[PDB]
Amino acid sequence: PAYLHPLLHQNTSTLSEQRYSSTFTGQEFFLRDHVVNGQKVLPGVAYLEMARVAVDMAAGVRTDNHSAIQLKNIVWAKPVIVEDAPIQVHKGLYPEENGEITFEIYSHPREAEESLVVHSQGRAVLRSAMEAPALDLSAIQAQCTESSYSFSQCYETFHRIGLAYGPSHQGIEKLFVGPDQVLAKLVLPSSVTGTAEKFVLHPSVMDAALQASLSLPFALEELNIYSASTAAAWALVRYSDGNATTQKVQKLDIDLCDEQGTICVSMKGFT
């Protein structure tokens, strides 16, 4: 209730370490409605919001020259899973000499409070606020005319493939695809509209952007925030120009834009 943020509850910083802590019950919407293979698993897109708001607050009152946050070189390790007992997640920030901020998202195993498990790591950059780029909504939709499928068709396999998305994570409206890209109409589930205000990178919309692509998120090269993900009405997914099939891991680009095509959130070098 008195949380600083639904994903960043409490500031637990010491003289040695800048740190934020959150205790998650199974009931949070981004857990109860994000069940993979039967377990409540923290979604990859929640780590980004966790990281952003930690940086936003850990950096003090800021000048226009530092009043914007960008994330770089994100990594994903073991996921956070919730059972009958709550799970405490720690968000650690470490300032580097070049003015960038390294962040580690970790926890202390109930198996061993002296052992440690890292779930994600990355870097953040403070820059001047960025003017939003623009996308071509009319033509891009026109380049995605082959084998369109309903959200339900997207949704049916998702449930069948082992990903049981609850109502809070049913943000895709429809998929328009060509062999080169996928453009997804997006919507905010009505359940989470009451709390969409308290997110910049909203897990429902951000995950819907990731859902439109789909083995699992493994890394992200860069994340740019021009406006709230809530403003988004469309999202475009494309391969990064690496052209490597490899095994089951791929490098992809994902962008969010509003009704006019103005990009508000863009993700580069996904993996």
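Note that residue numbering follows the sequence shown and begins at 1.
A.B. asks: With respect to the deposited sequence, how many residues separating residue 214 from residue 215 are not represented by coordinates: none, 1 to 3, 4 to 9, or 10 or more?
C.D. replies: Gap between residue 214 and residue 215: 10 or more residues without coordinates.
A.B. asks: Check the entry's C-alpha temperature factors for 50-58 and 215-223, then say which stretch has the higher mean.
C.D. replies: Between 215-223 and 50-58, it is 215-223 that shows the higher mean C-alpha B-factor.
A.B. asks: Compare the mean C-alpha B-factor of 75-83 with that of 90-98 as given in the PDB entry, and name the stretch with the higher value.
C.D. replies: Of 90-98 and 75-83, the stretch with the higher C-alpha B-factor average is 75-83.
A.B. asks: Taking the values straight from the PDB record, which of 188, 125, 201, 142 has the highest C-alpha temperature factor?
C.D. replies: So the option with the highest C-alpha B-factor is 142.
A.B. asks: Hey, out of 70, 27, 245, 229, whose CA B-factor is highest in the deposited coordinates?
C.D. replies: That would be 245.
A.B. asks: Would you please rank residue 115 by its C-alpha temperature factor against the other modelled residues of its chain and give the third it falls in: lowest, middle or highest?
C.D. replies: CA B-factor rank for residue 115: highest third.
A.B. asks: Thinking about Cα B factors across the chain, which third does residue 210 belong to?
C.D. replies: It belongs to the middle third of the chain when residues are ordered by C-alpha B-factor.
A.B. asks: Which third of the chain does residue 153 land in by C-alpha B-factor: lowest, middle or highest?
C.D. replies: CA B-factor rank for residue 153: highest third.
A.B. asks: Using only modelled residues of the chain, where does the Cα B factor of residue 263 rank: lowest third, middle third or highest third?
C.D. replies: Answer is middle: the recorded C-alpha B-factor places it there.
A.B. asks: Test of reading the entry: by CA B factor among the chain's modelled residues, which third contains residue 105?
C.D. replies: Answer is lowest: the recorded C-alpha B-factor places it there.
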